[PDB]
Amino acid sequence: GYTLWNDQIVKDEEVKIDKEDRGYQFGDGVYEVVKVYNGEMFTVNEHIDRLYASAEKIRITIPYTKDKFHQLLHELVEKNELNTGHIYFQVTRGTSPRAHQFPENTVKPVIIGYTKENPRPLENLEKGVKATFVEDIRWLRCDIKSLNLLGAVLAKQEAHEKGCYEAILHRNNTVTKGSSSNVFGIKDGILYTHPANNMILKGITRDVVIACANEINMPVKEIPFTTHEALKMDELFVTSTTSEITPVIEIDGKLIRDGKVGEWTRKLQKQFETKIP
């Protein structure tokens, strides 16, 4: 296949990472994941804006204009002939001899991007998924979508070992986020979800679902709910670019309500579907 390397589309083999790439040794980089539906990139601009925003938060300067970056992303989809799946891309501060502090502005940021054929998780969208409560041990800057993810892999892995799809993180017993997604809860026709602060990444799918909720005249309250209040909800689902709107029907062997995908979830999934290419 083809991989985007800085400003070049090259063959995977030709691509190589240096042992002193700040993202390799420190996790000094940012990233994004864009979904493609039949050759069409879903909400690409939203994703491109956040890359630049996340890079700016750690004072990384991307050498290209959002336009040059958009074009490069499109060329990559064609060269790979990606139909339905996703585009992954990141930016690290660049390569320099090991040191914690920032290097000299001289260092060029390394950019890597590639594709993968991956269909929508239809079975999960229909029948729902299992989940587990895992304690939040991640760092305090989750608003930045960076490569500092060791906290997430340990959470996700615990979920997997129990046969769960996602792990729901909570700090001070208050639900925050999923290892790799945003958590929503529904009680009496009202949508609840933890507000946007340093505790959670302000997801793009998360924002679309709030627009969808506003469109179908459903009220939304960005109020934090506890893990006990979570098990008392009528419906519960998680969101992420790849997961879309995945229903959560059971947490730790405790069926949410009756253990069936709710009607409001369905309406949101039905409304969301209209925005997809």
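Start at 1 and count along the sequence shown; that's the residue number.
- Taking the PDB entry as given, 193-201 carries the higher mean Cα B factor of the two stretches 179-187 and 193-201.
- Taking the mean C-alpha B-factor of each stretch as recorded, 99-107 and 130-138 are not equal, and the higher mean is that of 99-107.
- Per the deposited coordinates, the residue with the largest Cα temperature factor out of 146, 172, 157, 115 is 172.
- When the C-alpha B-factors of 44, 55, 208, 249 are ranked from the entry, the top spot goes to 208.
- The PDB entry assigns residue 65 a C-alpha temperature factor belonging to the lowest third of its chain's modelled residues.
- Residue 162 sits in the highest third of its chain by CA B factor, as recorded in the PDB entry.
- In the deposited entry, the Cα temperature factor of residue 256 sits in the top third of values across the chain's modelled residues.
- Sort the modelled residues of the chain by CA B factor and residue 50 lands in the middle third.
- Among the modelled residues of its chain, residue 236 has a C-alpha B-factor that falls in the middle third, as given in the PDB entry.
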